[PDB]
Each structure stands twice: as structure tokens, then as C-alpha cells.
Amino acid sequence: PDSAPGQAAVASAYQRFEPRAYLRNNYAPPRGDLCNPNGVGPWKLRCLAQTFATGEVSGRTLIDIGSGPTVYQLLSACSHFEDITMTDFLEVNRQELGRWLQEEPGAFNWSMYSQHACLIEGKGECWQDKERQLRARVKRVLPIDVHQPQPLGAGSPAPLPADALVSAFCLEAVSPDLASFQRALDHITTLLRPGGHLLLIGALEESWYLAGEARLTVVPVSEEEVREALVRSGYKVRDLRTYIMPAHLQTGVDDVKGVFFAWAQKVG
């Protein structure tokens, strides 16, 4: 059917997206509380760390899809890829990453996440080295639209196809419905080499979330709907985990019921 209308609503809504409110909502306490191991923050970092610790996810290049203003999702990844591409639809997010990349004071402070990543990776790495290395390995920050058949545009700067994809809380957060979600997943898959890996983190059964003035509409998906899409896009699912959001972390910034983590390998 028609994708333009729904997508247009999505683009319109996001023009009001406030990175600082989003950061506050999802990455400052209580959700940003890395001290409780039962919290969502540690669960996120744990999924990534353990996945990369298998040694099975490696290569030269990685593309992070819909990075927004966050970098936690690359902390464990950055030791396994020489070349990392970050991306976002919104200029204000790309600028936010720009501040962190220049190590400015005004930048969001990710050091708790960096340290925690060092803690659970168990190699006694200090967090300053971790951060220095991610900053070195991020080779570009690009505009992206996952609804386009070529999400990075034509003749993009990105090394293609990539050995690996990371995407956290993007697809479900920018797709009006499941069909759109599936197509988004189809589009980003054209960027991954056959046999490459996709690490997909996202919200389960979420219909809305706030980022300042902007209230955004999210397609609520289930674990089984996420599995089907991955199969439908040509992936073998290696791992699919579910975190049930505790009530004390359900804060009125959204209606998220849980979080999913998928490690999928593109068939070919």
C-alpha cells in the first residue's frame, strides 16, 4: 500500500524531537542507573558485551543505524571494528554526537556507561581507553532514512557492504505499522554483507514515547513479530532475548512493556 503518508507523519513528529529530554528520559536515572544489575541499562550493555565476547561478530566495518544521540550501543563493539559509521535522521542528534566526539564538556556524559562496559567485559580496561578508542574508530556520522530503499542515499561515503550492523530502538520507533517496520528492516539489510551480523535492540509493545514537546507514535511489536521479520528479511536468528520492564522503570515517558535484543546473521 501507501507508505508516504505514515512516513510523513513520522518525519513531521520528529522535527520536535528533543535530544536532551530523550537522553534524560532513557539514559539518566532511574533507567540510566547502572548500579542495579536487574535494571534495563545493565541488561542492554550485558547483551552487547556477551555477544561480542563470543568472538563470532567481527570484521572491518560496522554501521550503527539510527544512533540518535547515544553511543553506549557501540562501547563493546568498538574493539572488534576498525571502521565505524554512525547515523541519524536528525541533524540535532548528529550534532549531539559531534559534541561527544570532540570530547566537549557540554557533551552528554557517557562515562558511567563506558566504565560499566569495561567492568563486564572483564579485561581490566579503563574507561578513558575505551572512550578514546570509540572516538578513534568512528570514521563518519551520516544522515539516514530507513524508509528509503537506499537508507544512506546513493553513492554514500560509507564502506559498503558492512560486515556488521547495530541498531538500537530505531526501526519500531520510526515505523507507523508492522509493514513499514518490515520494509525498514529490508532496506537496512541491503547494507550488510551476506554472512554479516545484525544486532537489533528495541522496545516491545510500545505505542508512544516523549522527547520534550514531541510526542512520537511507535508501532508496538512483539518478540514473535520481531523474529518473523528477521526471518522474512533473510536472517537466521542466533539469539533473541526479552527484558520485561520493571514498574519502577516505567516512568510515563512512554508505554514500553519490555525490550528485545536480537543477534541475527544475514543468510548468504
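Heads up, when I say rigid core I mean the largest set of C-alphas that superpose within 1.5 Å between the two forms. The first residue of the sequence shown is number 1, and the count goes up from there.
Across the superposed structures in 9 other deposited structures of this protein, aligned by the core, the stretch whose Cα atoms lie more distant on average is 209 to 217, chosen from 34 to 42 and 209 to 217. Relative to the displayed structure, the C-alphas of 97 to 105 lie farther away on average in 9 other deposited structures of this protein than those of the other candidate, with 97 to 105 and 139 to 147 compared after rigid core superposition.
Relative to its counterpart among 150 to 158 and 107 to 115, 150 to 158 has the higher mean temperature factor, C-alpha atoms as listed in the PDB entry. Of the two segments examined, 65 to 73 and 204 to 212, it is 204 to 212 that shows the higher average Cα temperature factor in the deposited entry.
The maximum CA B-factor among the listed residues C170, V138, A179, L90, taken from the PDB record, is found at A179. Placement of the Cα temperature factor of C78 within the chain: lowest third of the modelled residues, per the deposited record.
Per the deposited record, the Cα B-factor of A247 falls in the highest third when ranked against the other modelled residues of its chain. For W43, the recorded CA B-factor ranks within the middle third of the chain. Only modelled residues enter the ranking. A11: CA B factor lies in the middle third for its chain, per the PDB record. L165 sits in the middle third of its chain by CA B factor, as recorded in the PDB entry.
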